[PDB]
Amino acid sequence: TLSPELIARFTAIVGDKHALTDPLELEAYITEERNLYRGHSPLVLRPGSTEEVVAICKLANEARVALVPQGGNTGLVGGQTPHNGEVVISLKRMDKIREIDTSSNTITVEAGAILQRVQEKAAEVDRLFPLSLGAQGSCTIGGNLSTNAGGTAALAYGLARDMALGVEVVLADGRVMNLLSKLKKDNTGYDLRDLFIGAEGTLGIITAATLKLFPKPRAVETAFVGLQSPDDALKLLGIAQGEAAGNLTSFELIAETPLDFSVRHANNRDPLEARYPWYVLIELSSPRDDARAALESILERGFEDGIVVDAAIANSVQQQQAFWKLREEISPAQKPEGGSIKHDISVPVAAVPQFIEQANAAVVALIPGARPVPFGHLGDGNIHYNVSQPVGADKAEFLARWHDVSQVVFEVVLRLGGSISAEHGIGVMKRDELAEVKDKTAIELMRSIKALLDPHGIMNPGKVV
């Protein structure tokens, strides 16, 4: 394990109050929210500056001590978990918002800033930080950038990658690469920024970043739509895109089952008079007061084309929140319904109906009575493809089929040109599957860059590659 000498020296760098070794305090860092993996660590460091992160890395690199960068600890692939006596480097104390430029429309923040607080400050100066996500209350900017987080609004605003203008990164050997910048155009050499975004802390530690700010929309309009098939929803998407372009900030495809779960278990209101096999939750966000006219125009063309069967446009803020509460509570609504085998994948937008149809048939053939629970962002091709246990089956016995379900789901994903990890990343969970599916040259380069940036293998080893 880690020697007293090294513990003492790391402790001195950050101050003993910010150097945890007591198992009761370590408990919050060695495990995560979903209880997927349970790791072990002899030390958690909570540095308060890049200077301290540098001191930490130089020592770790010299003593061959493995480090695991961690932000909000909401990652779902064991990327931020110390599985093998590694020292955790939490960035929660580096949470300062350094500068907000409303003319350049930028915001500079430390890695540990909580996504929700950045959104709040953006809002306080009549601006929007559009990266909206599920774990907003506790996930951090450093985490968002390292995993390349993306949300429901991705179709309009892009991913974390699209939000970044600059980053400050400390490497394994202690060097600092400061590429903080407020520039929208800058073609001065290779793009190193994007290499760390999505790196899951395997190439270095992000200590700060400069992000884009956007205009705050003046009008937001929402609607629930009842349709017969995912294919009809895809035609509606075509209409929405052509009629709203950048103002279309949500287009969610929800199957009857997930909606039914949210209604019966999360105390939510069924939005339409009758039940439909498929639903779409559509939202428009505009700088002018013309969002409702666009929505109505989209719904009109959909009625005319016979793809929309019924629709309910929200008439108040309470009713909008009611619509979203239903969507946001699908996840927890699954728990009382039994075992759930979860997968977050993506395919070309055109291939979403094929994916659903193909996955469903394969999954039900594997486990008769299994209940697919699909819902997602049809506009960026990311579907949460979950399967709930057959009514009355044993939970433990059903969850044991996870891997068998993965094989089947991934074969459909791969034949459709999709991705085995759309948002969450690779970390430790999908490390093996990455080597099997990724382009051979691409994978060789990743290993070569890893070896170059972390020759001694102390920067979050055993993850991604």
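Just count from 1 along the sequence shown to find any residue number.
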item	value
Mean C-alpha B-factor comparison - 144-152 and 258-266, higher one	258-266
Mean C-alpha temperature factor, higher of 196-204 and 134-142	134-142
Out of 38, 46, 58, 415, highest CA B-factor residue	38
Most elevated Cα B-factor in the entry, residues 409, 53, 428, 67	428
CA B-factor placement of residue 370, once the chain's modelled residues are sorted into thirds	middle
Chain-wide C-alpha B factor ranking for residue 2, given as lowest, middle or highest third	highest
Position of residue 300 among the chain's modelled residues by C-alpha B-factor, lowest, middle or highest third	middle
Residue 82 by Cα B-factor - lowest, middle or highest third of the modelled chain	highest
Chain-wide C-alpha B factor ranking for residue 191, given as lowest, middle or highest third	lowest
